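Enquirer: This is the structure I want to talk about, given as structure tokens.
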Amino acid sequence: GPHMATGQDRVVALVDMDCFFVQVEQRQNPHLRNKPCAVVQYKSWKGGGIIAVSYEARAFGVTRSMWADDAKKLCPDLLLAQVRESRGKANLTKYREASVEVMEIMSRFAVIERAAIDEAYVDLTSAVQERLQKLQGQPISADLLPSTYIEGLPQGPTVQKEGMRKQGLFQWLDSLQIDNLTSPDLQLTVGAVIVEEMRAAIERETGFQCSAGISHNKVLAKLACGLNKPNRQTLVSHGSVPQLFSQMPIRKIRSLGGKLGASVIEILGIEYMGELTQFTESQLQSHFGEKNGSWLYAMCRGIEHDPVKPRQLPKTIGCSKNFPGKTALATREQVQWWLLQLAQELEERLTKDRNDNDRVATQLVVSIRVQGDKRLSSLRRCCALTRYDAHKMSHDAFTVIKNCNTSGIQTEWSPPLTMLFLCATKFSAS
DNA sequence: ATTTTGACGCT
Ligand SMILES: [Mg+2]
Ligand SMILES: [Mg+2]
Ligand SMILES: [Mg+2]
């Protein structure tokens, strides 16, 4: 009891831009605003592959990883914006630059960890301490939390969505003990006030709306963020965890959506995160390894210690192209031309990175796939990156892969290549 | 024939 650590030491937020690439295109083209629309890359094969979907289009069943032609079957009025194509390939620069806009706003409020192009974790512990001092024991008004849900409320003894939201927030604020500055529930509540202000700043200064989760760690913040989308934020308190986890499929927790979570389900014969509490830490370690076992033992109790890392910039700058079916590169000239295209985009992005961020990549990673291999990568080789020169980088990549050609013939490349990937890594200050 | 990314853990 008195020594049971409860994982209530931090306030952590996860901010997730709503249907991000779609909003970028809708800001640029007002005709797309408030319409079923999607972002598609390429157009020739089946109308293009959808990679982002507005909530209006999601209502028709349109999803990511859908061909545009099939999406149009579900949603005949679906509007489409195409990813830019440069040097023969999709180019995501517009979305990377929009991401920078949002990340730089978030960084004015607190230390952020860039988790993906459209999401960042925020460590709000210190900001919450400061705001609690500025308030002077003053109660927190519902008006400070106009888009916040309290997960698990209302409970106990209106039929509209905003009405339920307000009833739950009222119950929460009515229970709060605002005079105890060390109360974790109060700390989370102030965190949510700050996140309201952060999301308001993002929308005012970029036009982009986002959702957010506020809790005591990254996994719960991420889970909370998805509970009320779009354009809303959700507070998941420590006390809400038992009910929340009692019917939460294991695959919904970050890192359990794949083979490990499937093994948890199969080996333990359970379905819901909360069912994990009935195993000892040693039992979970025995099935899933020392680190996974300890992590699961604490996580099913709502506890995790993974820090919000101070990293606003990506650690790698990469570019890749698949060559599916019959487009597979079967000649040396082909391989060299496409290595050059990838290397030129990489050089452009690298030079911009060096100017903006005072750093230089030192390693070039080359990865290829050969036809007939279920693995995403068939071969991954590194070499030195000493000069931001596209021709040199393409030559080096060719040098490190050229012995993969099993063909005895001079030009022909066998087996044909279905993927090329150049990645700049190992940055150093400059 | 989703494609094009990005981070991290294992050995
Ligand atoms: Mg996201
Ligand atoms: Mg998103
Ligand atoms: Mg998504």
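Residues are named by chain letter and number: chains run A, B, ... in the order of the structure tokens, numbers start at 1 in each chain, and ligands are numbered from 1 in the order shown.
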Write down, as a ChimeraX atom specification, each residue of chain A that has any atom within 9 Å of an atom of chain B, counting only C-alpha atoms (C1' of nucleotides).
Expert: /A:41,45-46,48-51,64-67,90-92,115-117,314-322,324-325
Enquirer: Just write the chosen residues, N, CA, C and O atoms, as an mmCIF file, in the first residue's frame.
Expert:
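Written out: selection-v1.cif:
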data_model
loop_
_atom_site.group_PDB
_atom_site.id
_atom_site.type_symbol
_atom_site.label_atom_id
_atom_site.label_comp_id
_atom_site.auth_asym_id
_atom_site.auth_seq_id
_atom_site.Cartn_x
_atom_site.Cartn_y
_atom_site.Cartn_z
ATOM 1 N N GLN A 41 -1.575 8.794 -53.563
ATOM 2 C CA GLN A 41 -0.277 8.913 -54.214
ATOM 3 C C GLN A 41 -0.274 8.054 -55.462
ATOM 4 O O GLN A 41 -0.725 6.904 -55.432
ATOM 5 N N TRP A 45 -2.382 3.289 -61.290
ATOM 6 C CA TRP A 45 -2.829 1.971 -60.849
ATOM 7 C C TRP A 45 -4.048 2.141 -59.951
ATOM 8 O O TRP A 45 -3.936 2.626 -58.820
ATOM 9 N N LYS A 46 -5.215 1.758 -60.471
ATOM 10 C CA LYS A 46 -6.465 1.710 -59.713
ATOM 11 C C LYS A 46 -6.820 3.059 -59.098
ATOM 12 O O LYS A 46 -7.447 3.123 -58.036
ATOM 13 N N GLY A 48 -4.873 5.222 -57.778
ATOM 14 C CA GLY A 48 -3.942 5.671 -56.769
ATOM 15 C C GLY A 48 -4.259 5.088 -55.404
ATOM 16 O O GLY A 48 -5.392 4.722 -55.097
ATOM 17 N N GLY A 49 -3.230 5.029 -54.560
ATOM 18 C CA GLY A 49 -3.383 4.489 -53.219
ATOM 19 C C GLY A 49 -3.713 5.603 -52.248
ATOM 20 O O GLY A 49 -3.002 6.606 -52.185
ATOM 21 N N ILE A 50 -4.800 5.431 -51.497
ATOM 22 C CA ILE A 50 -5.187 6.436 -50.503
ATOM 23 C C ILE A 50 -4.285 6.329 -49.278
ATOM 24 O O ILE A 50 -4.053 5.235 -48.754
ATOM 25 N N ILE A 51 -3.788 7.468 -48.793
ATOM 26 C CA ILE A 51 -2.967 7.476 -47.585
ATOM 27 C C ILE A 51 -3.536 8.336 -46.459
ATOM 28 O O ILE A 51 -3.033 8.249 -45.329
ATOM 29 N N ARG A 64 -7.637 4.450 -45.308
ATOM 30 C CA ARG A 64 -6.271 4.375 -45.793
ATOM 31 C C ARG A 64 -5.983 2.962 -46.295
ATOM 32 O O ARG A 64 -6.600 1.988 -45.863
ATOM 33 N N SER A 65 -5.060 2.862 -47.259
ATOM 34 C CA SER A 65 -4.665 1.603 -47.898
ATOM 35 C C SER A 65 -5.726 1.085 -48.850
ATOM 36 O O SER A 65 -5.751 -0.103 -49.178
ATOM 37 N N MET A 66 -6.622 1.954 -49.273
ATOM 38 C CA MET A 66 -7.657 1.634 -50.235
ATOM 39 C C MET A 66 -7.243 2.253 -51.559
ATOM 40 O O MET A 66 -6.684 3.355 -51.578
ATOM 41 N N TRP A 67 -7.484 1.540 -52.657
ATOM 42 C CA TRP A 67 -7.316 2.145 -53.973
ATOM 43 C C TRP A 67 -8.379 3.210 -54.189
ATOM 44 O O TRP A 67 -9.527 3.051 -53.771
ATOM 45 N N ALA A 90 6.827 9.804 -55.579
ATOM 46 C CA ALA A 90 6.092 10.624 -54.627
ATOM 47 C C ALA A 90 7.070 11.392 -53.752
ATOM 48 O O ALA A 90 8.155 10.901 -53.424
ATOM 49 N N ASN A 91 6.700 12.620 -53.408
ATOM 50 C CA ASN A 91 7.569 13.499 -52.635
ATOM 51 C C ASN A 91 6.757 14.129 -51.512
ATOM 52 O O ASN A 91 5.798 14.861 -51.769
ATOM 53 N N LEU A 92 7.141 13.857 -50.266
ATOM 54 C CA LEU A 92 6.314 14.234 -49.128
ATOM 55 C C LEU A 92 6.725 15.557 -48.491
ATOM 56 O O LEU A 92 6.323 15.829 -47.359
ATOM 57 N N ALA A 115 6.955 11.787 -32.490
ATOM 58 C CA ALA A 115 6.702 10.360 -32.619
ATOM 59 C C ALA A 115 6.402 9.961 -34.049
ATOM 60 O O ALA A 115 6.697 8.830 -34.444
ATOM 61 N N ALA A 116 5.827 10.871 -34.826
ATOM 62 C CA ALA A 116 5.623 10.639 -36.249
ATOM 63 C C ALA A 116 5.406 11.999 -36.886
ATOM 64 O O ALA A 116 5.301 13.011 -36.185
ATOM 65 N N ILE A 117 5.282 12.007 -38.218
ATOM 66 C CA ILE A 117 5.110 13.263 -38.945
ATOM 67 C C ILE A 117 3.980 14.089 -38.354
ATOM 68 O O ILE A 117 4.011 15.323 -38.406
ATOM 69 N N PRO A 314 13.571 14.369 -36.799
ATOM 70 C CA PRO A 314 13.865 12.969 -37.158
ATOM 71 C C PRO A 314 15.352 12.646 -37.062
ATOM 72 O O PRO A 314 16.210 13.493 -37.315
ATOM 73 N N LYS A 315 15.643 11.393 -36.697
ATOM 74 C CA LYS A 315 16.995 10.840 -36.611
ATOM 75 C C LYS A 315 17.522 10.317 -37.937
ATOM 76 O O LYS A 315 18.710 9.983 -38.031
ATOM 77 N N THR A 316 16.661 10.166 -38.934
ATOM 78 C CA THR A 316 17.052 9.634 -40.226
ATOM 79 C C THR A 316 16.334 10.436 -41.296
ATOM 80 O O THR A 316 15.245 10.977 -41.062
ATOM 81 N N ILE A 317 16.948 10.513 -42.469
ATOM 82 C CA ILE A 317 16.316 11.129 -43.635
ATOM 83 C C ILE A 317 16.424 10.122 -44.768
ATOM 84 O O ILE A 317 17.532 9.821 -45.221
ATOM 85 N N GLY A 318 15.286 9.581 -45.209
ATOM 86 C CA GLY A 318 15.295 8.470 -46.135
ATOM 87 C C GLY A 318 14.376 8.690 -47.319
ATOM 88 O O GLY A 318 13.477 9.532 -47.306
ATOM 89 N N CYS A 319 14.617 7.883 -48.350
ATOM 90 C CA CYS A 319 13.723 7.876 -49.472
ATOM 91 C C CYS A 319 13.822 6.555 -50.201
ATOM 92 O O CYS A 319 14.854 5.890 -50.322
ATOM 93 N N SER A 320 12.627 6.122 -50.592
ATOM 94 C CA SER A 320 12.470 4.764 -51.085
ATOM 95 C C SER A 320 11.409 4.736 -52.170
ATOM 96 O O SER A 320 10.535 5.608 -52.243
ATOM 97 N N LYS A 321 11.508 3.713 -53.010
ATOM 98 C CA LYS A 321 10.523 3.483 -54.055
ATOM 99 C C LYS A 321 10.375 1.986 -54.261
ATOM 100 O O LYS A 321 11.376 1.268 -54.387
ATOM 101 N N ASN A 322 9.129 1.526 -54.262
ATOM 102 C CA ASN A 322 8.815 0.172 -54.679
ATOM 103 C C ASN A 322 8.694 0.110 -56.191
ATOM 104 O O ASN A 322 8.348 1.094 -56.848
ATOM 105 N N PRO A 324 6.757 -2.542 -58.196
ATOM 106 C CA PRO A 324 5.948 -3.757 -58.094
ATOM 107 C C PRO A 324 5.805 -4.467 -59.430
ATOM 108 O O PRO A 324 6.101 -3.920 -60.497
ATOM 109 N N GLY A 325 5.343 -5.716 -59.341
ATOM 110 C CA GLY A 325 5.004 -6.538 -60.486
ATOM 111 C C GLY A 325 5.995 -6.500 -61.631
ATOM 112 O O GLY A 325 7.139 -6.949 -61.496
#
Enquirer: Show me which residues line ligand 1, defined as having an atom within 10 Å of a ligand atom where only C-alpha atoms (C1' of nucleotides) and all ligand atoms count, and present them as a PyMOL selection string.
Expert: chain A and resi 14-20+115-120+210-211+222+225-226
Enquirer: Tell me, as a list in words, which residues lie within 12 Å of residue A:29, counting only C-alpha atoms (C1' of nucleotides); anything in the same chain fewer than 4 positions away does not count.
Expert: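 Selected residues are residues 22, 23, 24, 25, 33, 34, 35, 37, 79, 80, 81 and 82 of chain A.
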Enquirer: With DSSP run on the backbone, what are the helix (DSSP H, G or I) residues within stretch 14-122 of chain A? I'd like them as a count of residues only.
Expert: 40
Enquirer: With only C-alpha atoms as the basis for distance, which of A:175, A:312, A:136, A:263 is at the shortest distance from residue A:288?
Expert: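 Closest residue, counting only C-alpha atoms: A:263.
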Enquirer: Name the residues of stretch 289-421 of chain A that come out as strand (DSSP E) in a backbone DSSP run; write them as a ChimeraX atom specification.
Expert: /A:317-322,329-331,359-370,379-384,412-421
Enquirer: Excluding same-chain residues fewer than 5 positions from residue A:233, what lies within 12 Å of it counting only C-alpha atoms (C1' of nucleotides), as JSON, numbers by chain?
Expert: {"A": [13, 14, 15, 16, 17, 18, 145, 146, 147, 148, 149, 150, 151, 165, 169, 189, 191, 192, 193, 194, 195, 196, 197, 198, 199, 200, 209, 210, 211, 212, 213, 214, 215, 221, 222, 223, 224, 225, 226, 227, 228]}
Enquirer: Could you save those same residues with C-alpha atoms as a PDB file, in the first residue's frame?
Expert:
ATOM      1  CA  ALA A  13       0.220  14.446 -23.476  1.00  0.00           C
ATOM      2  CA  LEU A  14       0.053  12.955 -26.949  1.00  0.00           C
ATOM      3  CA  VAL A  15      -1.006  15.396 -29.678  1.00  0.00           C
ATOM      4  CA  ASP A  16      -2.204  13.882 -32.976  1.00  0.00           C
ATOM      5  CA  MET A  17      -3.078  16.037 -36.009  1.00  0.00           C
ATOM      6  CA  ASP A  18      -6.475  15.008 -37.360  1.00  0.00           C
ATOM      7  CA  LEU A 145     -11.708  22.837 -20.773  1.00  0.00           C
ATOM      8  CA  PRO A 146     -14.154  23.375 -23.655  1.00  0.00           C
ATOM      9  CA  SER A 147     -13.109  20.344 -25.734  1.00  0.00           C
ATOM     10  CA  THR A 148     -12.039  17.931 -22.960  1.00  0.00           C
ATOM     11  CA  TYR A 149     -13.566  14.524 -22.190  1.00  0.00           C
ATOM     12  CA  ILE A 150     -13.019  12.779 -18.856  1.00  0.00           C
ATOM     13  CA  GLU A 151     -12.816   9.067 -19.656  1.00  0.00           C
ATOM     14  CA  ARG A 165     -19.126  15.554 -22.347  1.00  0.00           C
ATOM     15  CA  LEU A 169     -16.491  17.215 -16.938  1.00  0.00           C
ATOM     16  CA  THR A 189      -6.481  18.539 -14.998  1.00  0.00           C
ATOM     17  CA  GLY A 191      -2.246  19.488 -17.941  1.00  0.00           C
ATOM     18  CA  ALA A 192      -5.500  19.368 -19.903  1.00  0.00           C
ATOM     19  CA  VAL A 193      -5.895  23.141 -19.510  1.00  0.00           C
ATOM     20  CA  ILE A 194      -2.433  23.606 -21.024  1.00  0.00           C
ATOM     21  CA  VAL A 195      -3.238  21.183 -23.844  1.00  0.00           C
ATOM     22  CA  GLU A 196      -6.402  23.155 -24.650  1.00  0.00           C
ATOM     23  CA  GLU A 197      -4.197  26.238 -24.967  1.00  0.00           C
ATOM     24  CA  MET A 198      -1.645  24.331 -27.076  1.00  0.00           C
ATOM     25  CA  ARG A 199      -4.299  23.014 -29.467  1.00  0.00           C
ATOM     26  CA  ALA A 200      -5.853  26.489 -29.713  1.00  0.00           C
ATOM     27  CA  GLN A 209      -7.026  20.862 -35.786  1.00  0.00           C
ATOM     28  CA  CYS A 210      -5.776  18.008 -33.655  1.00  0.00           C
ATOM     29  CA  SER A 211      -6.799  15.639 -30.912  1.00  0.00           C
ATOM     30  CA  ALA A 212      -4.895  14.880 -27.738  1.00  0.00           C
ATOM     31  CA  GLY A 213      -4.673  12.504 -24.810  1.00  0.00           C
ATOM     32  CA  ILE A 214      -3.579  13.581 -21.327  1.00  0.00           C
ATOM     33  CA  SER A 215      -2.478  10.984 -18.773  1.00  0.00           C
ATOM     34  CA  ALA A 221      -1.779   9.388 -23.397  1.00  0.00           C
ATOM     35  CA  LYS A 222      -1.732   7.736 -26.829  1.00  0.00           C
ATOM     36  CA  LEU A 223      -4.706   5.505 -25.975  1.00  0.00           C
ATOM     37  CA  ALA A 224      -6.629   8.467 -24.536  1.00  0.00           C
ATOM     38  CA  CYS A 225      -6.008  10.528 -27.675  1.00  0.00           C
ATOM     39  CA  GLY A 226      -7.926   8.048 -29.842  1.00  0.00           C
ATOM     40  CA  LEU A 227     -10.975   7.859 -27.589  1.00  0.00           C
ATOM     41  CA  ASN A 228     -12.633  11.087 -28.824  1.00  0.00           C
TER      42      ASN A 228
END
Enquirer: Using only C-alpha atoms and all ligand atoms, which residue out of A:230, A:242, A:139, A:269 lies closest to ligand 2?
Expert: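 Of A:230, A:242, A:139, A:269, the one nearest ligand 2, counting only C-alpha atoms and all ligand atoms, is A:230.
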Enquirer: Separation of atom CA of residue A:123 and atom CA of residue A:243, in Å?
Expert: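 Between these atoms lies a distance of 25.3 Å.
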Enquirer: Measuring between only C-alpha atoms and all ligand atoms, which one of A:127, A:229, A:152, A:299 shows the shortest distance to ligand 3?
Expert: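 Under the stated criterion, the closest residue is A:229.
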